[PDB]
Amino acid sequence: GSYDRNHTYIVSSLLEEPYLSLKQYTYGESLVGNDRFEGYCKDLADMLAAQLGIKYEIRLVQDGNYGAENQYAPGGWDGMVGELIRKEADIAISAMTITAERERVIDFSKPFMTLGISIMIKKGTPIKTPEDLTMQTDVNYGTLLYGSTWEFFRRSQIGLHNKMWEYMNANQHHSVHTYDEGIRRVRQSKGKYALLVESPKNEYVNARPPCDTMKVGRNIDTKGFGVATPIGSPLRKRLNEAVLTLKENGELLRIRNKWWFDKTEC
């Protein structure tokens, strides 16, 4: 009650199914505003906004990126993280991974979803573990360039992860600027490409047509997605409280089931 509720809060996000996607276009109907979007993060944004009694406007991130340290970006970060640092958005509500490096420059709520880095292959590919990737030649691999998975491997102290880092950094052409390009490569490379991809994305894709991909191995780490705000945001406490409210009252579980379990489909 001591924050501006007339302001339409600007929410940075990023199209990434099923977290956020465009509603299917139809004949003679033009969608505008937030009505253009659907998905888990749309539903989450709606609920958070209702908890806080605020209006919001989704504005997709202007470089299509999650956020990385970049010696060219103003404020030192690109993507959604940079939009928050530079106060171009009020909140980011996306599948944004909570990392130690990002916590030094923006704030996160407690996590609304858990996840881990995982491996996606085309069915038939002879890979069962991360170790396997480093012990063979014909299957190339990669991940989303410069995002949290990229940084995990760069920074990990585990020999295996460092081995995978050295490979990917020396073979950046086998990594991708969107998960959808990586998934296309899995599907089109005849068993010769594996994608390092966060588990909720992996699980979603594998349970939907064309049913030609699968997850192998255990998750490599354990991680969360959080609602992010610029430091100092008057909304920081109330947004964290709202996430905890939605967690406790079963609403996060309900929309996770809506977009993952209710969409299977394989």
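We number the residues from 1 along the sequence you see.
Task: Average Cα temperature factor in the PDB entry - higher stretch of 36-44, 22-30 - done: Mean B over CA atoms: larger for 22-30.
Task: Stretch exceeding the other in mean C-alpha B-factor - 132-140, 94-102 - done: Per the deposited B-factors, the answer is 132-140.
- [ ] Sort 61, 49, 68, 207 by C-alpha B-factor from the entry and give me just the highest.
- [x] Each of 61, 49, 68, 207 was compared by C-alpha B-factor; the highest is 207.
TODO: Choose from 194, 160, 89, 115 the residue with the greatest Cα B-factor as stated in the PDB record.
DONE: Top of the list by C-alpha B-factor: 160.
Task: residue 248 CA temperature factor, ranked by third within the chain - done: Highest third.
- [ ] Give the position of residue 179 by CA B-factor within its chain, expressed as the lowest, middle or highest third.
- [x] Its C-alpha B-factor belongs to the middle third of this chain's values.
Open item on the list: What third of the chain does residue 218 rank in for C-alpha temperature factor, lowest, middle or highest?
Closed with: Its C-alpha B-factor, which the entry lists for residue 218, ranks in the highest third among residues of this chain.
Task: residue 152, C-alpha B-factor rank within chain (lowest, middle or highest third) - done: Ranked within chain, residue 152 CA B lands in the middle tercile.
Task: residue 165 - which third its CA temperature factor falls in, relative to the rest of the chain - done: CA B-factor rank for residue 165: highest third.
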